[PDB]
Amino acid sequence: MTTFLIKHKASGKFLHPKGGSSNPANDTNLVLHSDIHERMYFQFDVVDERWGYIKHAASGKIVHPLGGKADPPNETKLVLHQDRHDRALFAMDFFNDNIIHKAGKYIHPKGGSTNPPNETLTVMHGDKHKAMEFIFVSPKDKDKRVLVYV
Amino acid sequence: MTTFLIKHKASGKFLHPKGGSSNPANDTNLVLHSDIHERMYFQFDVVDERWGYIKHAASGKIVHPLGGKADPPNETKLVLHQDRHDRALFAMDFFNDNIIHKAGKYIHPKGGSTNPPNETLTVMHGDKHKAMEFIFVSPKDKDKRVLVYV
Amino acid sequence: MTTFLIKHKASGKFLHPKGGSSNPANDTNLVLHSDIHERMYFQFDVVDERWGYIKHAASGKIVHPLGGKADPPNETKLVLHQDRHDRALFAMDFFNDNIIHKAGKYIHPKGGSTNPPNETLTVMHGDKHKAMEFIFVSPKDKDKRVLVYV
Amino acid sequence: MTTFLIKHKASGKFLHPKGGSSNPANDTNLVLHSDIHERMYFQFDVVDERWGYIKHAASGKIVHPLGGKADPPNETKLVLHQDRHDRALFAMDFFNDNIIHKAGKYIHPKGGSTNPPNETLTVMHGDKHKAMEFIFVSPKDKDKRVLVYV
Amino acid sequence: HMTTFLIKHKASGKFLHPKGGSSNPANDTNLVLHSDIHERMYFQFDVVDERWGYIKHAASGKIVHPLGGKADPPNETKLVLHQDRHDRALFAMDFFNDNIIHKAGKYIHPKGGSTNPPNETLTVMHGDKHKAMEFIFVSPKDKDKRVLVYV
Amino acid sequence: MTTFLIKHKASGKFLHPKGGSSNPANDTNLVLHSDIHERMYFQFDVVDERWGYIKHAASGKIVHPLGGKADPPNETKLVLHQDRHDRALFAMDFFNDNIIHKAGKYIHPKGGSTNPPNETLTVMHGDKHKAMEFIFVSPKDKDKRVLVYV
Amino acid sequence: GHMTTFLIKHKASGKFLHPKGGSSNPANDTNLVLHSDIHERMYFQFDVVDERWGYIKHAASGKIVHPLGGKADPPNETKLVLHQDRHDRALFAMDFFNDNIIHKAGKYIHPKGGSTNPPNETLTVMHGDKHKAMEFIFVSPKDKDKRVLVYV
Amino acid sequence: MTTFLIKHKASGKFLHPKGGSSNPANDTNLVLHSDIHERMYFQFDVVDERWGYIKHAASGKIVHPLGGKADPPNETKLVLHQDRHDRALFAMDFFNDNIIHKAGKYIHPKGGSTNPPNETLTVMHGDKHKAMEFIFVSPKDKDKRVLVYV
Ligand SMILES: OC[C@H]1O[C@@H](O[C@H]2[C@H](O)[C@@H](O)[C@@H](O)O[C@@H]2CO)[C@H](O)[C@@H](O)[C@H]1O
Ligand SMILES: OC[C@H]1O[C@@H](O[C@H]2[C@H](O)[C@@H](O)[C@@H](O)O[C@@H]2CO)[C@H](O)[C@@H](O)[C@H]1O
Ligand SMILES: OC[C@H]1O[C@@H](O[C@H]2[C@H](O)[C@@H](O)[C@@H](O)O[C@@H]2CO)[C@H](O)[C@@H](O)[C@H]1O
Ligand SMILES: OC[C@H]1O[C@@H](O[C@H]2[C@H](O)[C@@H](O)[C@@H](O)O[C@@H]2CO)[C@H](O)[C@@H](O)[C@H]1O
Ligand SMILES: OC[C@H]1O[C@@H](O[C@H]2[C@H](O)[C@@H](O)[C@@H](O)O[C@@H]2CO)[C@H](O)[C@@H](O)[C@H]1O
Ligand SMILES: OC[C@H]1O[C@@H](O[C@H]2[C@H](O)[C@@H](O)[C@@H](O)O[C@@H]2CO)[C@H](O)[C@@H](O)[C@H]1O
Ligand SMILES: OC[C@H]1O[C@@H](O[C@H]2[C@H](O)[C@@H](O)[C@@H](O)O[C@@H]2CO)[C@H](O)[C@@H](O)[C@H]1O
Ligand SMILES: OC[C@H]1O[C@@H](O[C@H]2[C@H](O)[C@@H](O)[C@@H](O)O[C@@H]2CO)[C@H](O)[C@@H](O)[C@H]1O
Ligand SMILES: OC[C@H]1O[C@@H](O[C@H]2[C@H](O)[C@@H](O)[C@@H](O)O[C@@H]2CO)[C@H](O)[C@@H](O)[C@H]1O
Ligand SMILES: OC[C@H]1O[C@@H](O[C@H]2[C@H](O)[C@@H](O)[C@@H](O)O[C@@H]2CO)[C@H](O)[C@@H](O)[C@H]1O
Ligand SMILES: OC[C@H]1O[C@@H](O[C@H]2[C@H](O)[C@@H](O)[C@@H](O)O[C@@H]2CO)[C@H](O)[C@@H](O)[C@H]1O
Ligand SMILES: OC[C@H]1O[C@@H](O)[C@H](O)[C@@H](O)[C@H]1O
Ligand SMILES: OC[C@H]1O[C@@H](O)[C@H](O)[C@@H](O)[C@H]1O
Ligand SMILES: OC[C@H]1O[C@@H](O)[C@H](O)[C@@H](O)[C@H]1O
Ligand SMILES: OC[C@H]1O[C@@H](O)[C@H](O)[C@@H](O)[C@H]1O
Ligand SMILES: OC[C@H]1O[C@@H](O)[C@H](O)[C@@H](O)[C@H]1O
Ligand SMILES: OC[C@H]1O[C@@H](O)[C@H](O)[C@@H](O)[C@H]1O
Ligand SMILES: OC[C@H]1O[C@@H](O)[C@H](O)[C@@H](O)[C@H]1O
Ligand SMILES: OC[C@H]1O[C@@H](O)[C@H](O)[C@@H](O)[C@H]1O
Ligand SMILES: OC[C@H]1O[C@@H](O)[C@H](O)[C@@H](O)[C@H]1O
Ligand SMILES: OC[C@H]1O[C@@H](O)[C@H](O)[C@@H](O)[C@H]1O
Ligand SMILES: OC[C@H]1O[C@@H](O)[C@H](O)[C@@H](O)[C@H]1O
Ligand SMILES: OC[C@H]1O[C@@H](O)[C@H](O)[C@@H](O)[C@H]1O
Ligand SMILES: [Ca+2]
């Protein structure tokens with residue numbers, strides 16, 4: 001079971017549930033926050049080769065694009081929800097350092113800042129740049145990349 | 001251990017030990033050949049996050065740059081060899097579809113052809129282009145990609 | 001490649017995959033049985049001087065200490081498994097008549113009897129005595145020793 | 001066929017024809033000397049399982065107990081001779097690290113010393129101890145054991 | 001030479017603004033809370049006496065006053081921008097307890113005391129200390145980075 | 001270049017280098033003493049918002065917990081030292097009237113007296129009370145507070 | 001006296017590394033320049049982090065050497081600045097055998113323009129070239145010709 | 001102080017006192033050997049900037065050029081000796097990966113092989129090449145370099 005932190009490469013902030021709860025409600029926004037604590041730990045459950053569910057370790061809820069478009073448009077907010085469904089499939093690209101949804105868009109901080117402030121929402125967007133890059137690091141060492149597929 | 005074929009993307013040929021031996025001798029060349037059978041199956045030994053050994057399934061021998069240098073120059077031949085050491089580390093980049101050595105060069109067919117004939121050698125070359133793309137697929141379905149870090 | 005029978009010297013029984021299948025599943029126990037047939041033929045693939053894989057001829061699976069640990073404790077069961085790795089390395093000592101694992105223990109009949117009944121399991125044990133002795137003989141002449149290193 | 005050096009384990013010296021000739025005369029003694037060169041390389045030609053001829057690589061002559069008797073007494077000198085016959089059968093025990101003649105005695109340094117001087121003769125003798133141990137090593141790396149049975 | 005900063009209401013993350021967001025608010029314009037960030041809500045601090053100084057709206061140069069300009073304003077006195085400089089407009093920026101204190105000892109509060117005041121909530125003086133009157137002083141380019149307002 | 005006296009609020013004594021030396025050695029203790037002179041003048045060098053170095057004006061040495069540990073335990077002596085690093089970072093809380101270390105403990109007179117006698121040592125301690133209050137005053141008026149940040 | 005203080009001497013010219021302006025507490029992103037002068041405001045220390053890699057520390061300020069901007073692989077011609085921040089993009093090694101200062105990503109500290117005789121106030125910049133003009137030696141505050149060990 | 005292994009970079013063997021004694025006699029040769037244990041751990045006592053004593057940890061004896069010339073010639077044997085003298089000053093060049101004596105020659109394997117056998121003597125020699133490269137590693141991890149100047 002590899003528990004990891006999802007670190008925004010450009011700012012050093014991390015993916016958090018909005019509120020930091022061990023049990024965020026369904027459709028709780030996924031934000032960037034500088035803090036580190038067990039309630040921002042994630043896991044990845046491989047489903048089909050590169051594709052799987054990004055799972056909030058404390059609640060078991062997984063990352064979803066808000067709604068059910070399957071092919072979400074740019075600026076679609078990312079949330080947590082207990083449901084498992086194909087539209088919640090992502091890949092964790094540790095070679096290009098990004099997170100790609102099954103329909104081909106990536107997780108971004110909303111607005112594209114290299115230094116997004118705490119509580120900035122995350123959204124889907126097709127663009128590629130240094131501000132949408134994320135790396136996956138050890139909870140006991142924020143500079144140690146860990147393999148999220150194992 | 002999950003077993004996969006290393007398929008040259010442009011041609012559909014596969015990486016082989018030279019000669020097709022179940023127990024190829026040390027320093028046997030790795031070549032592209034169209035045949036599929038048990039003796040060209042591969043596995044991947046994770047060592048450190050993305051880095052590991054590419055292992056020949058039938059013998060347990062792993063892929064080495066000829067000469068075993070830490071930082072091999074272009075055109076260093078790829079072979080099999082029993083030694084397991086940090087100079088034979090590669091990553092399987094299934095997002096950009098290539099195989100990269102620890103010192104930063106990639107596995108290429110010697111000469112760079114997108115449709116190399118059977119028995120073409122492989123070498124280390126630092127450039128990135130199409131003729132060096134490889135995908136990792138199921139032995140029982142050569143068109144279905146499989147996750148090698150698991 | 002020489003094919004041979006692994007004969008328990010004291011009893012004349014032979015090592016078998018428990019059940020006699022031609023393709024035993026991973027982790028099938030190795031047992032002693034008196035019968036001779038093609039599904040108890042073995043081969044030896046040299047890896048590094050004295051060390052190699054003991055291979056079930058009919059299935060291509062090799063002998064492993066159950067659990068695949070590098071340094072298995074006494075009574076660890078011997079099984080057949082498809083993986084090839086350092087922890088499945090043995091030497092076939094045809095001078096002292098035993099089978100030694102890379103970490104220094106030997107193949108024994110479970111319980112150490114000089115006359116074990118059919119289906120007796122085999123286990124690893126560090127002790128040396130007459131009940132852990134094995135000789136390597138021709139499938140067509142169970143009393144003629146054959147060279148397993150060739 | 002594998003070419004090797006016969007190294008006295010206790011002293012690190014090697015087995016030589018007396019005088020170091022590329023074509024020793026019949027009945028030339030075999031001695032211990034520390035030097036390494038092509039005229040002290042050996043090969044093993046397997047005849048029957050463990051039994052074979054110890055062949056001087058440069059000349060093709062093989063190791064004999066002087067006189068060619070089937071059951072040589074203690075202190076019988078070892079020599080080279082071109083004749084090939086059963087009384088010249090030895091086995092290369094790479095598990096107990098010794099060389100045994102078919103009638104059951106071993107090759108020794110004359111006198112049984114752990115550190116014999118250069119040009120010390122070799123003789124047959126039934127005793128087993130540290131000073132009659134030999135290992136069989138690569139001509140390019142005198143500490144690397146090689147399998148003489150291939 | 002004088003640092004520029006945002007005055008962020010700690011509990012809500014809203015900011016002190018001139019009501020209307022103008023870069024030249026008239027004298028006696030109310031100071032309100034609002035989520036927006038732009039250069040017309042930047043402030044500066046002009047030190048006058050150790051901890052005491054003028055809180056200055058960067059775009060207009062007008063400073064924060066208790067409405068009416070009394071030396072000892074009562075609770076609920078509205079805070080405004082005014083161009084005059086005088087010793088009844090002296091405040092200290094307490095970056096250790098996270099509040100803004102007037103020379104006579106009352107603090108800047110959102111009117112109504114909410115940890116979540118809506119946009120346009122007025123600000124007033126009140127003597128009470130609690131989490132709804134806490135403010136932090138942050139960089140215009142990084143709303144989570146506290147900056148030193150005295151230097 | 002604001003120079004100031006560090007005055008113990010309850011007693012009116014001041015922070016001195018032990019000995020009143022213009023050039024105190026590394027690890028010289030910081031005591032309380034009634035005297036006023038150029039050798040007990042201090043400065044504060046800002047490094048990060050509230051955080052900076054408390055600097056002995058005459059020597060340029062700064063205030064350290066003895067040993068310079070990140071999380072010094074209660075009763076850790078305060079000393080002078082020339083080296084600048086993160087464990088010698090303090091904030092001058094002129095609103096609550098105390099001196100706080102980066103790890104959260106405060107500078108106290110050893111023993112907690114509201115009237116410590118001359119030569120009382122100072123130490124780190126986590127308690128807040130009247131005897132650990134300090135004010136920062138003009139060298140030309142011990143009752144005139146001065147801004148230490150500007 | 002506790003951590004080795006030293007001067008960073010440009011070998012070809014004999015000038016030293018200074019903070020532009022010569023301050024004891026230079027602001028963040030202050031450029032590092034070259035200057036003939038000696039004073040305790042150009043003293044440096046080296047804080048070891050991982051074997052050869054560590055932080056080059058302006059002794060008086062306590063701020064550390066960074067490629068301007070904090071990029072891991074600064075392009076050639078990136079000026080060197082002093083910043084209070086500490087992170088992985090400010091790791092350097094002090095090669096006192098080949099006489100250079102190397103960044104974790106492999107480029108060296110140079111005088112801007114590569115002169116063996118750079119003028120006062122010459123900026124320093126990162127760059128991949130190796131030559132007699134990018135060589136530095138690390139010397140004692142009490143003897144500009146005495147090399148001192150910067151790693152203890 | 002700090003303890004390390006002196007690893008011949010090209011072969012992975014280490015420096016040892018010949019014989020492996022925890023108290024080698026004065027003038028014992030320094031040799032190469034594959035083993036790792038407590039009586040081949042080294043320390044480095046700094047004397048003058050880069051110059052210091054290479055110290056055998058178990059005995060405290062330091063490395064000397066054999067004999068007494070100030071400026072020893074190529075092929076001068078390296079030995080251990082308890083004496084401290086300026087003729088035993090070396091620098092541990094961890095940037096170019098070599099060990100240089102005060103008079104300007106380097107420590108080499110006798111004969112200059114990239115794969116010297118166990119017991120190979122070490123000598124001074126002025127040449128620089130791959131076979132005289134050494135790295136200084138942790139006793140617990142032969143591949144992890146450690147800082148020897150501390
Ligand atoms: O929000 C992540 C993406 O933002 C893009 O920019 C937004 C921007 O807020 C809007 O003003 C306009 O530029 O279109 C975009 C909305 O889809 C970034 O430019 C893009 O790179 C992403 O990071
Ligand atoms: O061999 C891998 C590379 O082949 C390159 O071509 C070689 C080749 O040996 C020969 O055709 C001649 O041109 O020298 C070249 C040196 O690399 C390809 O151009 C290159 O992309 C690699 O795949
Ligand atoms: O255990 C190895 C031996 O199995 C023998 O057959 C077993 C059989 O597998 C089991 O199902 C039951 O019938 O007991 C039998 C005992 O004969 C094979 O016949 C024997 O050849 C071994 O392979
Ligand atoms: O010494 C080994 C040889 O013994 C031979 O006996 C004779 C041999 O016939 C003769 O050629 C000469 O070598 O003297 C030997 C001692 O009498 C065996 O006949 C020969 O086969 C070798 O074994
Ligand atoms: O030749 C090797 C053997 O040496 C034997 O020693 C002789 C010994 O030389 C002689 O003086 C007398 O003791 O008879 C012994 C038997 O031949 C050793 O006894 C034996 O160990 C061998 O190594
Ligand atoms: O009118 C007073 C407010 O005006 C704001 O203008 C705003 C609007 O009211 C606000 O909701 C924002 O999101 O968009 C408008 C810009 O056209 C000022 O920014 C603000 O200070 C208020 O005081
Ligand atoms: O106005 C700032 C003060 O509000 C006080 O409470 C208000 C209350 O919230 C409001 O709705 C009305 O009842 O008047 C009260 C008394 O002024 C807070 O209690 C006080 O602490 C201030 O924040
Ligand atoms: O030194 C400042 C603090 O001293 C405390 O007294 C110590 C002391 O070591 C001993 O009296 C015992 O009570 O442990 C105390 C630490 O908790 C004062 O009690 C405390 O108020 C501080 O001033
Ligand atoms: O730039 C670093 C050097 O500046 C010197 O000061 C300069 C500077 O131009 C200005 O501050 C003025 O004082 O003129 C000086 C010309 O020499 C520092 O004094 C010098 O030590 C350097 O650090
Ligand atoms: O130069 C080292 C520092 O760079 C910081 O970023 C700079 C950068 O120039 C720009 O992005 C803006 O934010 O100003 C910063 C100066 O503080 C790094 O983020 C910081 O780590 C320092 O290393
Ligand atoms: O900065 C030191 C380097 O100077 C370089 O000279 C120019 C160079 O020609 C230009 O391409 C760019 O790098 O600007 C440099 C001066 O700022 C030298 O080419 C290089 O060797 C270094 O000395
Ligand atoms: O919005 C997310 C935030 O929520 C808070 O409750 C938590 O304490 C923060 O550390 C962060 O999780
Ligand atoms: O919001 C995320 C998604 O979660 C589930 O409910 C479902 O797949 C969609 O209905 C959508 O709500
Ligand atoms: O070079 C690789 C090849 O080896 C040959 O012996 C065989 O004909 C092919 O199937 C292929 O495996
Ligand atoms: O060519 C492959 C092999 O080459 C040897 O020279 C090297 O030492 C081995 O470890 C292996 O890499
Ligand atoms: O039973 C032995 C086997 O056990 C597995 O857990 C391991 O993955 C295999 O590779 C092999 O070691
Ligand atoms: O399970 C096998 C073991 O059986 C024991 O009874 C015996 O004492 C051991 O030597 C070992 O052979
Ligand atoms: O007696 C055997 C010896 O003969 C010598 O002439 C030769 O130089 C030595 O290497 C060794 O062969
Ligand atoms: O509202 C604040 C203002 O109040 C006025 O009445 C006063 O005269 C001004 O000087 C200023 O203090
Ligand atoms: O311990 C410090 C003391 O040492 C004296 O030399 C100094 O003059 C005194 O005023 C007192 O401060
Ligand atoms: O010569 C040095 C070597 O000596 C061997 O005899 C010893 O067993 C080894 O530990 C090694 O140190
Ligand atoms: O290493 C050999 C040399 O070592 C010194 O300790 C000794 O004083 C020299 O005269 C010589 O014996
Ligand atoms: O003994 C050390 C020497 O070994 C020789 O073979 C080589 O020519 C020299 O370069 C030096 O390494
Ligand atoms: Ca001094």
Side-chain angles (χ1 to χ4, degrees), chain A residues 8-11 29-32 65 72-78 98-99 101 105-117 120-134 150, chain B residues 1-3 43-46 53 55 57 60 150, chain C residues 8-11 17 24-32 53-54 56 61-90 98-103 105-116 120-134:
Chain A
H8 183 242
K9 186 197 286 191
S11 71
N29 295 318
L30 191 69
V31 308
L32 284 171
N74 283 344
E75 307 294 324
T76 298
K77 293 171 201 310
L78 291 142
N98 63 53
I99 301 170
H101 180 252
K105 295 188 184 59
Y106 307 94
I107 298 190
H108 287 235
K110 183 170 185 56
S113 178
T114 55
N115 184 35
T120 294
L121 299 185
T122 58
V123 299
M124 301 295 323
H125 197 284
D127 275 14
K128 265 232 285 167
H129 55 46
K130 256 55 150 309
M132 50 66 82
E133 288 179 6
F134 291 91
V150 280
Chain B
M1 277 198 112
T2 320
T3 310
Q43 289 168 308
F44 186 71
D45 264 340
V46 178
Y53 305 133
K55 186 170 68 179
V150 139
Chain C
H8 183 242
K9 187 197 286 191
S11 70
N26 278 348
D27 285 347
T28 295
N29 295 352
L30 295 177
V31 307
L32 289 163
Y53 303 129
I54 307 170
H56 181 237
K61 298 216 170 49
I62 67 170
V63 177
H64 280 238
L66 176 65
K69 294 174 306 302
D71 191 15
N74 284 344
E75 306 294 324
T76 296
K77 288 171 315 169
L78 291 148
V79 301
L80 297 173
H81 200 281
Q82 201 70 237
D83 286 357
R84 270 69 168 157
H85 46 50
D86 272 352
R87 300 96 63 192
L89 287 173
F90 293 79
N98 63 54
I99 301 170
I100 189 170
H101 181 252
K102 186 70 175 284
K105 295 188 185 288
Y106 306 92
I107 299 189
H108 287 235
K110 183 170 185 56
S113 178
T114 55
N115 185 34
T120 295
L121 299 185
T122 58
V123 299
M124 324 208 52
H125 197 285
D127 293 15
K128 198 189 33 189
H129 56 46
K130 297 193 178 281
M132 49 66 81
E133 290 174 16
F134 291 96

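Every number for a ligand or one of its atoms is a count from 1 in the order of the listing. The sequence lines fix the lettering, A, B, ..., with proteins before strands; numbering per chain opens at 1.
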Exercise. Nearest protein heavy atom to atom 7 (C) of ligand 16, by residue and atom, and its distance?
Worked result: C:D83 OD2, 4.2 Å
Exercise. Does the protein put any heavy atom within less than 4.0 Å of atom 1 (O) of ligand 17?
Worked result: yes
Exercise. To which of C:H125, C:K130, C:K128, C:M124 does the heavy atom nearest atom 3 (C) of ligand 17 belong?
Worked result: C:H125
For this session: Using the six-membered ring wherever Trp is involved, compare the ring planes of C:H129 and C:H108 and label them parallel, tilted or perpendicular (cut-offs 30° and 60°).
Result: perpendicular
For this session: Check A:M132 against ligand 1 and report side chain, backbone, both or neither, counting heavy atoms closer than 4.0 Å.
Result: neither
For this session: Using the salt bridge (charged side-chain N to carboxylate O under 4.0 Å, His left out) rule, collect all pairs that involve residues 62-82 of chain C, keeping only residues at least two apart or in two chains.
Result: C:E75-C:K110
Exercise. Going by the atom numbers of ligand 17, which of them fall below 4.0 Å from some non-hydrogen atom of C:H129?
Worked result: 9 (C), 10 (O), 11 (C), 12 (O)
For this session: For A:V123, take its heavy atoms, then give the atoms of ligand 1 lying under 4.0 Å from any of them.
Result: 1 (O)
Problem set entry | Residue part near ligand 1, for A:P109, under 4.0 Å between non-hydrogen atoms | backbone
Exercise. With backbone taken as N, CA, C and O and side chain as the heavy atoms from C-beta onward, which portion of C:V123 lies under 4.0 Å from ligand 17: side chain, backbone, both, or neither?
Worked result: side chain
Exercise. Are any of the N/O atoms in A:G111 less than 3.5 Å from those in ligand 1?
Worked result: yes
Problem set entry | Chi angles and distances behind the side chain to side chain contact (heavy atoms under 4.5 Å, CB included) call for B:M1, B:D45 | CA-CA 9 Å; B:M1 277 198 112; B:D45 264 340; 3.0 Å; yes
Problem set entry | Side chain to side chain, C:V63 and C:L80, heavy atoms closer than 4.5 Å | yes
Problem set entry | Proximity of C:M132 to ligand 17 by residue part, where a heavy atom lies under 4.0 Å | neither
Exercise. Are any non-hydrogen side-chain atoms of C:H85 and B:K55 less than 4.5 angstrom apart?
Worked result: yes
Problem set entry | Ligand-residue contact atoms, ligand 17 with C:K110, heavy atoms, under 4.0 Å | 1 (O)
Problem set entry | Test item: C:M132 and C:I107 side chains (from C-beta on) under 4.5 Å apart, heavy atoms | no
Exercise. How far is atom 7 (C) of ligand 1 from its nearest protein heavy atom, and which residue and atom is that?
Worked result: A:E75 OE2, 3.9 Å
For this session: Run down the list A:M124, A:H129, A:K105 and name the one with the heavy atom closest to atom 21 (O) of ligand 1.
Result: A:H129
For this session: Answer yes or no for atom 14 (O) of ligand 1: protein heavy atom present at a distance under 4.0 Å?
Result: no
Exercise. With a 4.5 Å heavy-atom cut-off, do A:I99 and A:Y106 have their side chains touching?
Worked result: no
Exercise. Short list, please: which atoms of ligand 1 are under 4.0 Å from a heavy atom of A:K110?
Worked result: 1 (O)
Exercise. For atom 4 (O) of ligand 17, what's the nearest protein heavy atom and its distance?
Worked result: C:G111 C, 3.3 Å
Seminar exercise, completed: Taking only non-hydrogen atoms of C:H85 and a 4.0 Å limit, the atoms of ligand 16 in range are 9 (C), 10 (O), 11 (C), 12 (O)
For this session: Could you list the atoms of ligand 17 found under 4.0 angstrom from a heavy atom of C:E75?
Result: 1 (O), 2 (C), 3 (C)
For this session: Kindly indicate whether the side chain of C:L78, heavy atoms from C-beta on, has any atom under 4.5 Å from the side chain of C:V123.
Result: no
Problem set entry | Pairwise side-chain contact, C:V79 with C:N29, heavy-atom cut-off 4.5 Å (strictly under) | yes
Exercise. Any side-chain donor paired with an acceptor under 3.5 Å for C:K105 and C:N74?
Worked result: yes
For this session: Mark up the atoms of ligand 17 that fall under 4.0 Å of a heavy atom belonging to C:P109, in ascending order.
Result: 1 (O), 2 (C)
For this session: Answer with side chain, backbone, both or neither: which part of C:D27 has a heavy atom less than 4.0 angstrom from an atom of ligand 16?
Result: side chain
Exercise. What atoms of ligand 17 come closer than 4.0 angstrom to any heavy atom of C:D127?
Worked result: 10 (O)
Problem set entry | Shortest protein contact, atom 22 (C) of ligand 1 (heavy atom only) | A:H108 ND1, 3.1 Å
For this session: Show your reasoning for whether side chain to side chain contact (heavy atoms under 4.5 Å, CB included) applies to C:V31 and C:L121.
Result: CA-CA 4 Å; C:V31 307; C:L121 299 185; 3.6 Å; yes
Problem set entry | Nearest non-hydrogen protein atom, atom 12 (O) of ligand 17 | C:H108 ND1, 2.7 Å
Seminar exercise, completed: When distances are taken from atom 19 (O) of ligand 1, the protein heavy atom at minimum range is A:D127 OD2, 4.1 Å
Exercise. Contact between B:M1 and ligand 16, counting heavy atoms under 4.0 Å?
Worked result: no
Problem set entry | 4.5 Å side-chain heavy-atom contact, A:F134 and A:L32 | yes
Problem set entry | Nearest non-hydrogen protein atom, atom 5 (C) of ligand 1 | A:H125 NE2, 4.1 Å
